[PDB]
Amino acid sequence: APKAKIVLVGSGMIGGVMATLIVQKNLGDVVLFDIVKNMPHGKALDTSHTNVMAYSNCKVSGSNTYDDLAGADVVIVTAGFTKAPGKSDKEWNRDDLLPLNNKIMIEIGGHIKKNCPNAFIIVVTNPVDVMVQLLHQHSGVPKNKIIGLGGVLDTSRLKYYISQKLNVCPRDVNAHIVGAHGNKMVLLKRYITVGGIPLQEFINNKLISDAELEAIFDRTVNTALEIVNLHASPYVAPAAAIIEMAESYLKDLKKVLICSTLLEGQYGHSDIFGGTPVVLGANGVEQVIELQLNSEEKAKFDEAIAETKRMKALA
């Protein structure tokens, strides 16, 4: 009333799962946009039939035309490369995507600025904390209207792994991973809870040990790499994380979700994007929540931001 229009700029692995999930949730009409010919139209057609099974009413169309951005309510950018040519799976590193994806963000930004300057933008393309700011600069959208995917996805892993050990509902585990979405992501041990209870209580009771948690932290940081070596650059959980973010905006849920956002003094940082809990509602980023990090946590935060800053200089 009228349905939201959601344009998926990039119709690859993540784009595909996102279109499926949007139809499942009847969230809005979908455009699968890509530079590749024919492919988005085929995925769109396939996906469109699921309206019947899903009891939904969302158009799904493929596109190779940038002007289809006009009318967009939400734009999700996954366009770009997943690996650098010449690198082995073992050497996969998000940083190496920088020179491959930077020009793509600039190009998409110009099209967003012209066609849908009032759209809410979610950036996924890596290295995401660099790409999101690049897209902000070139699209001209307000700071409350653009975020990057990171924390929802990283914490989904941490939360899940802990829930498996403790035999509780995965959603009942809460956790914060901040700073940047990459190898220096900051896993905040102090901010983990289980059913709202400090994880330390479960550690005291020998239900999960400090050593076990350390292994889970390492597993979390290395999850993307693990999946890349077993199969491919992850796409199912990324897609679900993105749609959770988009849905909070579309339905004014006001969920607290960790995303990459413009910092203006939080954690002592300005002029850069970094991962922190934000509240997402109808007005976009409605609140930026600054964790009251201790000195040691801040030092880790600084190390994460330093990586983003280093690559921004290279971009």
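The first residue of the shown sequence is 1; numbering continues from there. Throughout, rigid core stands for the largest set of C-alpha atoms superposing within 1.5 Å between the two forms.
- Between stretches 100 to 108 and 145 to 153, greater average Cα displacement in 6 other deposited structures of this protein relative to the shown form, fitted by the core, falls on 100 to 108.
- Remark: when the other structures in 6 other deposited structures of this protein are fitted onto this one via the rigid core, 229 to 237 deviates more than the alternative among 213 to 221 and 229 to 237, judged by RMS CA distance.
- Note: missing coordinates for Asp89 occur in a third or more of the other compared entries bracketing this position.
- Comparing 95 to 103 with 216 to 224, the stretch with the higher mean C-alpha B-factor in the PDB entry is 95 to 103.
- Relative to one another, 305 to 313 and 4 to 12 have unequal mean CA B-factors, and 305 to 313 is the one with the higher figure.
- Highest CA B-factor among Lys206, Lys145, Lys159, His181, as stated in the entry: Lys206.
- Per the deposited coordinates, the residue with the largest Cα temperature factor out of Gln200, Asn174, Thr125, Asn167 is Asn167.
- The deposited CA B-factor of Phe81 belongs to the highest third of values across its chain.
- Among the modelled residues of the chain, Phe33 sits in the lowest third by CA temperature factor in this PDB entry.
- In the PDB entry, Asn229 places in the highest third of its chain by CA B-factor.
- For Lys43, the recorded CA temperature factor ranks within the middle third of the chain's modelled residues.
- When the CA B factors of the chain's modelled residues are split into thirds, the value for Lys59 lands in the highest one.
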